[PDB]
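I have placed the structure first, in the form of structure tokens, so that the comments after it can refer back to it.
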Amino acid sequence: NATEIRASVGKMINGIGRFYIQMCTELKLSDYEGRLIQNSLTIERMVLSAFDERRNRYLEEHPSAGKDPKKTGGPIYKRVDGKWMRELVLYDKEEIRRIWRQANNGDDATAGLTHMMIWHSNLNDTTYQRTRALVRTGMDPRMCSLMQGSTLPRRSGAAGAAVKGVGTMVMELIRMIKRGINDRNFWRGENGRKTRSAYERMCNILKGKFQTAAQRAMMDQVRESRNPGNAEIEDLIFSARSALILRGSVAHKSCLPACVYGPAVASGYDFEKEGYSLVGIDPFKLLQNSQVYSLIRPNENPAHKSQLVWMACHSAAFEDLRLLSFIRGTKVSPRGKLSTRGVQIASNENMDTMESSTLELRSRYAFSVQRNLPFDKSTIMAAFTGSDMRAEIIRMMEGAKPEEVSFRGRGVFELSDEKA
RNA sequence: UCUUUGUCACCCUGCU
RNA sequence: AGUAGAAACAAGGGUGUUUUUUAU
């Protein structure tokens with residue numbers, strides 16, 4: 001029964017909304033500005049960083065004059081004279097937490113917060129790039145397809161594997177191995193056992209992510225590498241190279257920022273009385289009645305930033321180009337075409353001329369086509385840069401492959417088709 | 001019983 | 001595992017530096 005899970009989603013949303021209207025009562029943020037997105041985004045960032053046992057270690061060490069480690073904050077954004085200002089403020093950890101508990105009947109409800117971190121992470125990946133990290137690893141950048149959701153902490157929602165990507169697993173494993181061959185003490189001790197268990201756990205997560213026989217066999221052979229070595233890296237490399245085709249739909253939860261919260265409850269939709277279906281028509285049934293705004297820099301066409309943030313929230317970073325095209329009815333791409341800059345604002349950047357905009361947040365729109373498309377010969381030439389498996393690997397790899405673009409998963413339907 | 005970490009590079013030693 | 005045999009090896013010791021800002 002979904003409905004008890006829905007009772008869960010309801011209790012967490014109402015706890016969080018209690019805290020939200022409390023915070024506002026401490027914020028008196030205007031209703032108009034109640035939709036300028038960057039404000040509530042950094043507002044989110046606040047409570048995100050607010051939770052860190054490691055930061056607790058930070059304060060314990062007191063290595064630097066970190067801003068009252070027991071208290072945290074960042075730049076906030078109010079206006080004057082129709083123009084806007086920057087304000088560095090900071091709340092106190094225990095105080096926010098105490099709100100949080102009497103916002104959560106004394107509990108925490110980490111669920112919605114982790115959801116918000118999913119939000120921030122998908123935003124980053126959709127809006128930014130980290131090829132320089134691959135430079136730190138040394139493999140093809142265009143491998144990027146499987147970096148969906150890269151920026152998530154090692155202690156964040158572990159079931160987030162729903163979004164944690166293959167390439168993430170690859171690169172983190174390579175890290176562990178690299179650092180592993182950097183020390184013998186790395187394995188001696190209970191630290192060794194616990195890290196080994198977690199390592200194998202990551203391997204098992206990868207198994208779950210794999211769905212084909214030869215892949216299972218190669219990944220298993222990998223798992224047997226009980227000692228950190230070097231060849232395993234290249235095995236994983238070519239396995240990923242073959243899997244570039246061999247992709248299955250991942251969990252893509254159309255997580256939208258919470259800034260809606262005020263207007264969300266003003267619209268009357270508690271996650272309780274109706275639960276929710278985050279995948280399906282429910283997301284598109286809530287991305288039209290809402291309303292959200294954003295601070296604007298001139299001489300950057302506000303329409304570019306519009307499309308960028310819209311699809312960023314849409315989390316379609318690796319969706320079919322032409323699918324997204326018929327999805328919004330006006331051409332889209334990776335950012336290279338998305339001629340704009342970041343949605344937020346940097347410190348030294350001079351806000352002294354910025355502007356405001358009631359931004360557009362809509363689109364055009366069963367499974368008419370399979371969107372199937374083979375690859376290009378460069379894809380197979382990728383292999384020539386290099387067990388029994390490679391025979392089978394090569395075999396299917398040369399005839400014909402079923403899907404060109406990375407992924408095309410969404411419960412989308414027609415807007416006027418709210419039932420289907 | 002499903003709980004690595006806020007990130008990596010350089011020296012030296014050869015019986016004292 | 002193996003060398004070896006009344007106790008050992010299967011290497012041993014030091015040096016670095018993180019809160020933001022983003023696309024080739």
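Ordered as shown in the structure tokens, chains take letters A, B, and onward, while each chain numbers its residues from 1 and ligands are numbered from 1 in the order shown.
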(Q) When you look at stretch 14-23 of chain C with a cut-off of 7 Å (counting only C-alpha atoms (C1' of nucleotides)), what residues show up, excluding the ones that are within fewer than 2 positions of it in the same chain? I need them as a PyMOL selection string. (A) (chain A and resi 128-129+346) or (chain B and resi 6-7+10-11)
Can I get the selection written as a PDB file, in the first residue's frame, with N, CA, C and O atoms (P, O5', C5', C4', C3', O3' and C1' of nucleotides)?
```pdb
ATOM      1  N   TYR A 128      25.954  22.809 -14.179  1.00  0.00           N
ATOM      2  CA  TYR A 128      27.404  22.957 -14.206  1.00  0.00           C
ATOM      3  C   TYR A 128      28.070  21.738 -14.810  1.00  0.00           C
ATOM      4  O   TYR A 128      27.395  20.838 -15.310  1.00  0.00           O
ATOM      5  N   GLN A 129      29.397  21.703 -14.767  1.00  0.00           N
ATOM      6  CA  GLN A 129      30.126  20.551 -15.274  1.00  0.00           C
ATOM      7  C   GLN A 129      31.359  20.337 -14.405  1.00  0.00           C
ATOM      8  O   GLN A 129      31.853  21.263 -13.759  1.00  0.00           O
ATOM      9  N   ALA A 346      27.836  35.522  -7.574  1.00  0.00           N
ATOM     10  CA  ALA A 346      29.100  35.377  -6.861  1.00  0.00           C
ATOM     11  C   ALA A 346      29.346  36.568  -5.944  1.00  0.00           C
ATOM     12  O   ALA A 346      28.709  37.618  -6.061  1.00  0.00           O
TER      13      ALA A 346
ATOM     14  P     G B   6      34.677  14.134   7.147  1.00  0.00           P
ATOM     15  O5'   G B   6      35.162  14.973   5.881  1.00  0.00           O
ATOM     16  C5'   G B   6      34.288  15.177   4.750  1.00  0.00           C
ATOM     17  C4'   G B   6      34.710  16.396   3.965  1.00  0.00           C
ATOM     18  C3'   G B   6      36.152  16.380   3.464  1.00  0.00           C
ATOM     19  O3'   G B   6      36.262  16.047   2.082  1.00  0.00           O
ATOM     20  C1'   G B   6      35.842  18.198   4.940  1.00  0.00           C
ATOM     21  P     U B   7      37.628  15.417   1.552  1.00  0.00           P
ATOM     22  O5'   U B   7      37.381  15.179  -0.004  1.00  0.00           O
ATOM     23  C5'   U B   7      38.157  14.228  -0.721  1.00  0.00           C
ATOM     24  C4'   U B   7      39.282  14.884  -1.480  1.00  0.00           C
ATOM     25  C3'   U B   7      40.556  14.064  -1.614  1.00  0.00           C
ATOM     26  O3'   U B   7      40.494  13.120  -2.669  1.00  0.00           O
ATOM     27  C1'   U B   7      41.093  16.270  -0.929  1.00  0.00           C
ATOM     28  P     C B  10      54.620  14.721  -7.143  1.00  0.00           P
ATOM     29  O5'   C B  10      55.696  15.098  -6.025  1.00  0.00           O
ATOM     30  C5'   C B  10      56.519  14.111  -5.416  1.00  0.00           C
ATOM     31  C4'   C B  10      57.136  14.628  -4.139  1.00  0.00           C
ATOM     32  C3'   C B  10      58.406  13.936  -3.684  1.00  0.00           C
ATOM     33  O3'   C B  10      59.541  14.416  -4.381  1.00  0.00           O
ATOM     34  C1'   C B  10      56.957  14.292  -1.830  1.00  0.00           C
ATOM     35  P     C B  11      60.568  13.347  -4.988  1.00  0.00           P
ATOM     36  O5'   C B  11      61.712  13.273  -3.885  1.00  0.00           O
ATOM     37  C5'   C B  11      61.476  12.659  -2.611  1.00  0.00           C
ATOM     38  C4'   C B  11      62.226  13.401  -1.535  1.00  0.00           C
ATOM     39  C3'   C B  11      63.297  12.593  -0.805  1.00  0.00           C
ATOM     40  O3'   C B  11      64.617  12.804  -1.324  1.00  0.00           O
ATOM     41  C1'   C B  11      61.653  13.301   0.732  1.00  0.00           C
TER      42        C B  11
END
```
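Around residue B:3, within 12 Å and counting only C-alpha atoms (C1' of nucleotides), the residues found are residues 154, 155, 156, 158, 191, 194, 195, 197, 198 and 201 of chain A, once anything fewer than 6 positions away on its own chain is removed.
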Interface, chain A side, toward chain B (12 Å; only C-alpha atoms (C1' of nucleotides)) as a short mmCIF file (atom, residue, chain, number, x, y, z; two decimals) with N, CA, C and O atoms, in the first residue's frame:
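File written: out_37.cif
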```cif
data_model
loop_
_atom_site.label_atom_id
_atom_site.label_comp_id
_atom_site.auth_asym_id
_atom_site.auth_seq_id
_atom_site.Cartn_x
_atom_site.Cartn_y
_atom_site.Cartn_z
N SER A 49 23.87 22.68 4.86
CA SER A 49 25.11 22.73 5.60
C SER A 49 24.88 22.65 7.10
O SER A 49 25.81 22.30 7.84
N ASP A 52 25.97 18.45 9.89
CA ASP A 52 27.27 17.85 9.60
C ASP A 52 28.01 17.41 10.86
O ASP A 52 28.68 18.21 11.49
N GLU A 53 27.93 16.13 11.20
CA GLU A 53 28.68 15.65 12.35
C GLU A 53 30.13 16.00 12.12
O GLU A 53 30.88 16.27 13.06
N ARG A 54 30.54 16.02 10.85
CA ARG A 54 31.91 16.36 10.52
C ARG A 54 32.20 17.81 10.88
O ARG A 54 33.28 18.13 11.35
N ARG A 55 31.22 18.69 10.66
CA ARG A 55 31.40 20.08 11.04
C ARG A 55 31.47 20.14 12.55
O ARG A 55 32.11 21.03 13.12
N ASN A 56 30.81 19.19 13.22
CA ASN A 56 30.92 19.14 14.66
C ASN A 56 32.37 18.88 14.98
O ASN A 56 32.95 19.49 15.89
N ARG A 57 32.99 17.97 14.22
CA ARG A 57 34.41 17.71 14.41
C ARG A 57 35.17 18.98 14.11
O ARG A 57 36.16 19.28 14.78
N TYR A 58 34.74 19.71 13.09
CA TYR A 58 35.36 20.99 12.76
C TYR A 58 35.42 21.85 14.00
O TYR A 58 36.49 22.30 14.40
N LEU A 59 34.27 22.09 14.62
CA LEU A 59 34.23 22.97 15.78
C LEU A 59 35.07 22.42 16.92
O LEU A 59 35.74 23.18 17.62
N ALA A 133 37.34 17.03 -12.77
CA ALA A 133 37.47 15.86 -11.91
C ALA A 133 37.97 14.66 -12.70
O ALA A 133 38.82 13.91 -12.23
N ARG A 136 41.39 14.69 -12.98
CA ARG A 136 42.01 14.06 -11.82
C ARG A 136 41.97 12.55 -11.89
O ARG A 136 42.67 11.89 -11.11
N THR A 137 41.18 11.98 -12.79
CA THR A 137 41.12 10.53 -12.96
C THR A 137 41.75 10.05 -14.25
O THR A 137 42.39 9.01 -14.25
N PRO A 153 26.70 13.95 -0.79
CA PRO A 153 27.63 13.59 0.28
C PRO A 153 27.63 12.09 0.57
O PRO A 153 26.66 11.38 0.29
N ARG A 154 28.74 11.58 1.10
CA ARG A 154 28.88 10.15 1.41
C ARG A 154 27.98 9.67 2.50
O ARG A 154 27.91 8.49 2.78
N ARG A 155 27.31 10.59 3.15
CA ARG A 155 26.40 10.22 4.22
C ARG A 155 24.99 10.68 3.93
O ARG A 155 24.10 10.60 4.76
N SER A 156 24.78 11.15 2.71
CA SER A 156 23.45 11.57 2.33
C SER A 156 22.57 10.36 2.14
O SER A 156 23.01 9.24 2.34
N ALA A 158 21.30 7.24 1.41
CA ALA A 158 21.95 6.14 0.72
C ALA A 158 21.05 5.48 -0.31
O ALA A 158 21.55 5.03 -1.35
N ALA A 159 19.74 5.44 -0.07
CA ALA A 159 18.83 4.94 -1.09
C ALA A 159 18.81 5.85 -2.30
O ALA A 159 18.21 5.51 -3.33
N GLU A 172 34.48 6.73 -7.73
CA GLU A 172 34.72 6.61 -6.30
C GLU A 172 35.51 5.35 -5.99
O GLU A 172 36.41 5.36 -5.14
N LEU A 173 35.20 4.25 -6.68
CA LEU A 173 35.98 3.04 -6.52
C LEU A 173 37.43 3.27 -6.90
O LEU A 173 38.34 2.82 -6.20
N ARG A 175 38.99 5.94 -6.72
CA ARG A 175 39.61 6.73 -5.70
C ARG A 175 40.09 5.79 -4.65
O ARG A 175 41.28 5.68 -4.36
N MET A 176 39.14 5.08 -4.09
CA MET A 176 39.47 4.19 -2.99
C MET A 176 40.68 3.33 -3.32
O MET A 176 41.56 3.13 -2.48
N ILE A 177 40.75 2.84 -4.55
CA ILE A 177 41.86 1.98 -4.94
C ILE A 177 43.16 2.77 -4.96
O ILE A 177 44.18 2.34 -4.41
N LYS A 178 43.13 3.94 -5.60
CA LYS A 178 44.32 4.78 -5.67
C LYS A 178 44.85 5.08 -4.28
O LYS A 178 46.01 4.81 -3.98
N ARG A 179 43.98 5.60 -3.42
CA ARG A 179 44.39 5.84 -2.05
C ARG A 179 44.76 4.52 -1.39
O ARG A 179 45.62 4.48 -0.51
N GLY A 180 44.11 3.44 -1.82
CA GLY A 180 44.38 2.14 -1.22
C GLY A 180 45.81 1.70 -1.44
O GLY A 180 46.48 1.23 -0.51
N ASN A 182 48.15 3.46 -1.76
CA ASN A 182 48.99 4.49 -1.17
C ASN A 182 49.36 4.19 0.27
O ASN A 182 50.08 4.99 0.89
N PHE A 186 46.11 1.01 5.39
CA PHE A 186 44.75 1.26 4.93
C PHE A 186 43.82 0.10 5.24
O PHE A 186 42.60 0.29 5.37
N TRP A 187 44.36 -1.10 5.35
CA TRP A 187 43.52 -2.27 5.54
C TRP A 187 43.70 -2.93 6.90
O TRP A 187 42.74 -3.55 7.38
N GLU A 190 40.25 -2.47 12.30
CA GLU A 190 38.81 -2.53 12.11
C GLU A 190 38.34 -1.52 11.08
O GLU A 190 37.33 -1.75 10.40
N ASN A 191 39.05 -0.40 10.96
CA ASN A 191 38.82 0.50 9.84
C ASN A 191 38.87 -0.27 8.53
O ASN A 191 38.03 -0.07 7.65
N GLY A 192 39.85 -1.16 8.40
CA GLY A 192 39.95 -1.97 7.20
C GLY A 192 38.71 -2.81 6.96
O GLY A 192 38.19 -2.86 5.85
N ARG A 193 38.22 -3.47 8.01
CA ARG A 193 37.04 -4.31 7.88
C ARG A 193 35.83 -3.50 7.46
O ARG A 193 35.10 -3.88 6.55
N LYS A 194 35.60 -2.38 8.15
CA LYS A 194 34.41 -1.58 7.87
C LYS A 194 34.47 -0.98 6.48
O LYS A 194 33.48 -1.01 5.73
N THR A 195 35.64 -0.46 6.09
CA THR A 195 35.81 0.05 4.74
C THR A 195 35.66 -1.06 3.71
O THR A 195 35.11 -0.83 2.63
N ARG A 196 36.12 -2.26 4.03
CA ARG A 196 35.98 -3.38 3.11
C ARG A 196 34.52 -3.75 2.92
O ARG A 196 34.07 -3.99 1.79
N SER A 197 33.77 -3.80 4.01
CA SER A 197 32.35 -4.08 3.93
C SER A 197 31.65 -3.03 3.09
O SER A 197 30.85 -3.35 2.21
N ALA A 198 31.94 -1.76 3.35
CA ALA A 198 31.32 -0.70 2.57
C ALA A 198 31.72 -0.77 1.10
O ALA A 198 30.90 -0.50 0.21
N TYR A 199 32.97 -1.13 0.83
CA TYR A 199 33.44 -1.27 -0.53
C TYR A 199 32.65 -2.34 -1.26
O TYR A 199 32.06 -2.09 -2.32
N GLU A 200 32.60 -3.54 -0.69
CA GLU A 200 31.78 -4.60 -1.24
C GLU A 200 30.32 -4.18 -1.36
O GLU A 200 29.64 -4.60 -2.29
N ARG A 201 29.84 -3.36 -0.44
CA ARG A 201 28.47 -2.87 -0.50
C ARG A 201 28.29 -2.05 -1.76
O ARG A 201 27.27 -2.15 -2.44
N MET A 202 29.27 -1.21 -2.05
CA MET A 202 29.22 -0.38 -3.24
C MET A 202 29.22 -1.29 -4.46
O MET A 202 28.48 -1.06 -5.43
N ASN A 204 27.99 -4.25 -4.60
CA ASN A 204 26.66 -4.83 -4.69
C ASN A 204 25.67 -3.84 -5.26
O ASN A 204 24.78 -4.22 -6.04
N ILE A 205 25.79 -2.58 -4.87
CA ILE A 205 24.94 -1.54 -5.45
C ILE A 205 25.14 -1.50 -6.96
O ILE A 205 24.19 -1.38 -7.73
#
```
Q | helix (DSSP H, G or I) residues, from DSSP on the backbone, in stretch 17-193 of chain A, as a ChimeraX atom specification | A | /A:17-25,33-35,37-50,53-61,93-103,110-127,131-137,142-146,158-162,166-180,190-193
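Atom CA of residue A:375 is positioned 6.6 Å from atom CA of residue A:401.
Across the model, the gap from atom CA of residue A:70 to atom CA of residue A:27 is 20.5 Å.
One distance worth recording is that between atom CA of residue A:339 and atom CA of residue A:127, which is 11.5 Å.
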Q. Tell me, which residues of stretch 160-356 of chain A carry DSSP strand (DSSP E), written as a PyMOL selection string?
A. chain A and resi 294-296+355-356
Those residues you just picked out, can you put them in a file as a CSV table (one decimal), in the first residue's frame with N, CA, C and O atoms?
```
chain,number,residue,atom,x,y,z
A,294,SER,N,13.2,34.8,-9.9
A,294,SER,CA,14.6,34.7,-9.9
A,294,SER,C,15.3,36.1,-10.2
A,294,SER,O,14.8,36.8,-11.0
A,295,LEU,N,16.4,36.3,-9.5
A,295,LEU,CA,17.2,37.5,-9.7
A,295,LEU,C,17.9,37.4,-11.0
A,295,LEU,O,18.4,36.4,-11.4
A,296,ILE,N,18.0,38.6,-11.7
A,296,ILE,CA,18.3,38.6,-13.1
A,296,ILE,C,19.5,39.5,-13.3
A,296,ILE,O,19.6,40.6,-12.8
A,355,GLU,N,18.2,43.0,-12.0
A,355,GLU,CA,16.8,43.2,-12.3
A,355,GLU,C,16.0,42.0,-11.9
A,355,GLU,O,16.5,41.0,-11.5
A,356,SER,N,14.6,42.1,-12.1
A,356,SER,CA,13.7,41.1,-11.6
A,356,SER,C,12.7,40.7,-12.8
A,356,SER,O,12.5,41.4,-13.7
```
Q: May I have the residues within 9 Å of residue A:389 as a list in words, using only C-alpha atoms (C1' of nucleotides) and disregarding those fewer than 3 positions away in the same chain?
A: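 So, after excluding close chain neighbours, the residues are residues 214, 215, 217, 218, 392, 393 and 394 of chain A.
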Q. Using only C-alpha atoms (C1' of nucleotides), which chain A residues lie at most 10 Å away from chain C, written as a PyMOL selection string?
A. chain A and resi 49+55+66-67+74+124+127-131+335-336+341-342+344-349
